Amino acid sequence: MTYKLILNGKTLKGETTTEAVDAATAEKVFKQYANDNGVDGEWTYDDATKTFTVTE
C-alpha cells in the first residue's frame, strides 16, 4: 500500500511517498528517512488517509 509523509520542518518543507506492506514498516522507513534529513518532532499517523505527518 502507498503511504504519504508530509514534512513541516522549520526550514525543511516537502512531501514524499513510499510503498510498504503495512503502516508498521512505514514507521521505520519514514523515521529513518526523517532522521537522515535531520528532522525530529512529534509523529502522527492517519489510518483513514494512510498519511504520516511530522511537525518540528
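Per the PDB record, this model was obtained through solution NMR.

*Asks:* Just checking my understanding: could you explain the pairing of strand β3 (residues 42-46) for this structure?
*Replies:* The pairing of β3 with strand β4 (residues 51-55) spans five bridges and is classified as antiparallel. Its bridge partner lying in β4, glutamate 42 is registered against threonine 55. Where β3 folds back onto β4 in an antiparallel hairpin, the turn is made up of four residues, including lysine 50, whose phi is positive at roughly 50°.

*Asks:* Explain the packing of aromatic side chains to me, please; I cannot follow it from the model alone.
*Replies:* Both the distance between ring centres and the angle between the ring planes are used here to describe each pair of aromatic rings. Taken as a whole and judged by the stated rule, the model has four aromatic pairs. Arranged with centres 6.5 Å apart and planes meeting at 45°, the rings of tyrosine 3 and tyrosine 45 form a pair that is tilted. In this pair, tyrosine 3 sits in strand β1 (residues 2-8) while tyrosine 45 sits in strand β3, placing the two residues 42 residues apart along the sequence. With a relative accessible area of 33%, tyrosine 45 lands in the partly exposed category.

*Asks:* Just checking my understanding: could you explain the environment of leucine 7 for this structure?
*Replies:* Checked against the element boundaries, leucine 7 lands in strand β1. Under the relative-accessibility criterion, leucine 7 is labelled buried at 8%. Beyond its immediate chain neighbours, meaning those up to four positions away, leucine 7 contacts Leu12, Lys13, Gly14, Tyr33, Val39 and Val54.

So, how was this worked out
- Residues numbered from 1 in each chain as written, not as in the entry; some residues may be left out.
- Heavy atoms only, no water.
- Pairing = 2+ DSSP bridges.
- Helix = DSSP H or I, 4+ residues; strand = E, 2+ residues; numbered from the N terminus.
- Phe/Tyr/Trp six-rings, centres within 6.5 Å; stacked < 30°, edge-to-face > 60°.
- Buried < 20%, exposed > 50% of the residue type's maximum accessible area, 1.4 Å probe, protein only.
- Contact = heavy atoms within 4.5 Å.

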